[PDB]
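J.: Generate a structure from the sequence data that follows.
(chains A and B, ligands or ions: 10)
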There are 2 protein chains.
Amino acid sequence: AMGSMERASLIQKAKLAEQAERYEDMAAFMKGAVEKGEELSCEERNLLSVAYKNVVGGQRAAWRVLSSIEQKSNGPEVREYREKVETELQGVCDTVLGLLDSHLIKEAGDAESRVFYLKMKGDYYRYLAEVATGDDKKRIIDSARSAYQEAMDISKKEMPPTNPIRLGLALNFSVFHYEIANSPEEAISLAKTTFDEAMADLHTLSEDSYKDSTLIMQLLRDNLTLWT
Amino acid sequence: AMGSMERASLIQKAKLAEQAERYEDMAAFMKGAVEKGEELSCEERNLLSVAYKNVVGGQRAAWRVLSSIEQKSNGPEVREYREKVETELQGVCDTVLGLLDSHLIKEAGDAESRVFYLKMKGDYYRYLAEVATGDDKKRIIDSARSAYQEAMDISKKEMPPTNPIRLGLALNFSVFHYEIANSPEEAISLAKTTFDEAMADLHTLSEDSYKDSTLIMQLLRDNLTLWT
Ligand SMILES: O=C(COc1ccccc1P(=O)(O)O)NC1CCCCC1
Ligand SMILES: O=C(COc1ccccc1P(=O)(O)O)NC1CCCCC1
Ligand SMILES: [Cl-]
Ligand SMILES: [Cl-]
Ligand SMILES: [Cl-]
Ligand SMILES: [Cl-]
Ligand SMILES: [Mg+2]
Ligand SMILES: [Mg+2]
Ligand SMILES: [Mg+2]
Ligand SMILES: [Mg+2]
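T.: Numbering: from 1, shown residues only, chains lettered A, B, ... in the order given. Ligands and ions are numbered 1, 2, ... in the order given. This is the structure:
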């Protein structure tokens, strides 16, 4: 449905929809921009990420409320409506995974872009894993694992330890370990190594870079405090 | 699309969607419940009101952001996207007005229901008036006026001055006068008379009724403070 709108108009309207807190419209404008087939700039990558994080964040928070109600219940209404929200959540994750696979990841040759999109692929399989059950759940967990691992390998080879994309990848992969993979020690180890390596690289940064890096380091510290 | 769901299941799912902060789903479930054709209980009236107030509240807040950006601008994108949001806002107001007219108002014989639905009819024409221009704007303002006035006449004949529905009607009609009709003195007069008449009736109330009434009296006082 965004096929008739210019790419630059879609980007401009995504920024307006962000100002208006209309994140479903923001996601649909960024989906249309990706579908134009050109690579995304750094600014455009971040618009894409912000739009879908907020859309899925609404759905995950709802699914959590409904799942809690359902667990306490244990008529069909609670389960039906939890299933409705779950399906729409899965559809959002599938849409994002579809954009990554057609064809954002394959055309991303620079480290900053390739790590960004692989971390997104890990995050959206992780959201699928949160609602999954059984050994359907297993292949989804492994897919999230694989994406984060490929991003980590690239990030370690190609980015400094203070790069905010590298930091946020490590933060989300530590949450995957803690929340999804039942590997709290791996979680803690990753978050502590990441924090310590970044601290030792801070001296290299300008004032503005320092503020960007240390903000994500504080998120790593807040988790280690929650986890230990 | 809610035609196949039982009325009681629609009400139960509206309450769940409220807990999950999913107000578009809440509105669609309550729309489906009204469309069953039976009168609404007091609790159900309030579910209907909460669902649509939140949906339209999102849209009005967005429209305000975009209108402000557009005014400062004065390409087509800002205007196009403001128009997109405006159209969806108008469609929500038309849907609510449609439910009131088919056939909630005509079947509402008790004062508490009839005043509730007429105040809703005033509020949703008032939201239409906020985005309207010219002398299209005039007939819409007059429609909001007419609905509030009919509700006020009934409320004064049939409800005590502390009844919370009567208070909230007077509060919203005073906002209509101040914001839409360019009649700040009428606004102030209404809000002060309403506050004073309720204060003199408080002695008749139980503890719980007193808390309900005085909460809306504080909203009247907060406006008089803003307006004087
Ligand atoms: O409270 C959190 C914290 O989650 C994270 C913390 C650190 C890194 C990544 C995440 P997320 O699980 O949101 O990707 N997330 C909420 C989960 C419910 C939906 C809104 C966001
Ligand atoms: O800040 C207000 C105060 O508006 C009122 C105050 C008293 C009575 C009725 C209203 P409203 O105009 O929301 O019906 N309203 C916001 C207007 C922007 C959209 C969300 C609500
Ligand atoms: Cl449902
Ligand atoms: Cl490539
Ligand atoms: Cl548009
Ligand atoms: Cl009647
Ligand atoms: Mg073009
Ligand atoms: Mg390339
Ligand atoms: Mg039935
Ligand atoms: Mg009747």
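J.: in chain A, what residue is nearest ligand 8?
T.: Each residue of chain A has a distance to ligand 8, by CB to the ion, and the smallest belongs to residue A:109, at 4.0 Å. C-beta here means a position set from N, CA and C on the backbone, and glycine is covered the same way.
J.: Just give me the neighbour total for that residue.
T.: 8 (other CB atoms under 10 Å in any protein chain shown).
J.: got it, and residue A:204?
T.: Residue A:204 has 12 neighbours, counted by other CB under 10 Å.
J.: cool, the one 4 residues further on as well?
T.: Residues within reach of residue A:208, counting by other CB under 10 Å, total 8.
J.: Ramachandran coordinates for it?
T.: Its backbone dihedrals place residue A:208 at phi -80, psi -40, with angles given as degrees, to the nearest 10.
J.: all strands in chain A, in order from the N-terminus.
T.: Counting by DSSP state E, one finds no strands in chain A.
J.: Longest helix in chain A, by number of residues?
T.: Ranked by residue count, the top helix of chain A under DSSP state H comes out as helix A:42-73.
J.: How far off centre is that helix?
T.: How far helix A:42-73 lies from its chain's middle: 11 Å, per CA atoms, centre = their mean, to the nearest Å.
J.: Check the gap between the nearest residue to residue A:157 once chain neighbours are set aside and residue A:44 for me.
T.: With CB to CB, 6 or more residues apart in numbering or on different chains as the measure, residue A:111 is the residue that lies nearest to residue A:157, at 7.9 Å, once sequence neighbours are left out. With distances defined as CB to CB, to the nearest Å, the gap from residue A:111 to residue A:44 amounts to 17 Å.
J.: For the residue of chain A closest to ligand 8, give its distance to ligand 3.
T.: With distances taken as CB to the ion, to the nearest Å, residue A:109 is found 44 Å from ligand 3.
J.: circling back to that earlier point, tell me, how many residues neighbour the residue nearest to residue A:157?
T.: Taking other CB under 10 Å as the definition, residue A:111 ends up with a neighbour count of 17.
J.: how many neighbours does the closest residue to residue A:170 other than its chain neighbours have?
T.: In space, not counting the residues next to it along the chain, residue A:170 is nearest to residue A:194; the distance is 4.0 Å by CB to CB, 6+ apart. The tally of other residues near residue A:194 (other CB under 10 Å) stands at 23.
J.: Residue A:143 now?
T.: Other residues near residue A:143 come to 18 when the count uses other CB under 10 Å.
J.: Let me know whether it touches residue A:123 as I believe.
T.: No. Look at residue A:143 against residue A:123 with CB atoms under 8 Å: they stay out of range, at 11.7 Å.
J.: got the contact list for residue A:10?
T.: Residues counted as contacts of residue A:10 (CB atoms under 8 Å, 6 or more residues apart in numbering or on different chains) are A:2, A:29-30, A:32-33, A:36.
J.: now residue A:204: how far from ligand 1?
T.: Distance, residue A:204 to ligand 1, using CB to the nearest ligand atom, to the nearest Å: 25 Å.
J.: do the same with residue A:113
T.: From residue A:113 over to ligand 1 the distance is 20 Å, taken as CB to the nearest ligand atom.
J.: Next up, the contacts around the residue lying closest to that residue once chain neighbours are set aside.
T.: In space, residue A:113 comes closest to residue A:45 once its chain neighbours are excluded; the distance is 6.9 Å by CB to CB, 6+ apart. Applying CB under 8 Å, 6+ apart, we find residue A:45 in contact with A:113, A:116-117.
J.: burial of residue A:87, as a residue count?
T.: Residues lying near residue A:87 (other CB under 10 Å) number 12.
J.: Could you do residue A:107 as well?
T.: A total of 13 residues lie near residue A:107 under the criterion other CB under 10 Å.
J.: Show the backbone phi and psi for the spatially closest residue to it that is not a sequence neighbour.
T.: Closest residue to residue A:107 apart from its sequence neighbours, by CB to CB, 6+ apart: residue A:39 at 5.7 Å. For residue A:39, the backbone dihedrals (degrees, to the nearest 10) come out as phi -60, psi 160.
J.: Count the neighbours of residue A:39 for me.
T.: For residue A:39, the number of neighbouring residues by other CB under 10 Å comes to 14.
J.: ok, now which ones touch it?
T.: Applying CB under 8 Å, 6+ apart, one finds that residue A:39 lies in contact with A:104, A:107-108, A:113.
J.: What's the separation between residue A:193 and residue B:213?
T.: In this view, residue A:193 and residue B:213 are 60 Å apart by CB to CB.
J.: Looking only at neighbour counts, state which of the two leads.
T.: The residue with more neighbours, out of residue A:193 and residue B:213 and counting by other CB under 10 Å, is residue B:213; that gives 23 against 14.
J.: give the contact list for the more buried one.
T.: For residue B:213, the contacting residues are B:162-164, B:167, B:198, B:202, B:205, by CB under 8 Å, 6+ apart.
J.: Just the residues you listed: which are in helices?
T.: B:164, B:167, B:198.
J.: Pull out the buried residues from stretch A:155-172.
T.: Judged by neighbour count (16 or more other CB atoms under 10 Å in any protein chain shown), stretch A:155-172 contains these buried residues: A:155, A:159, A:161-172.
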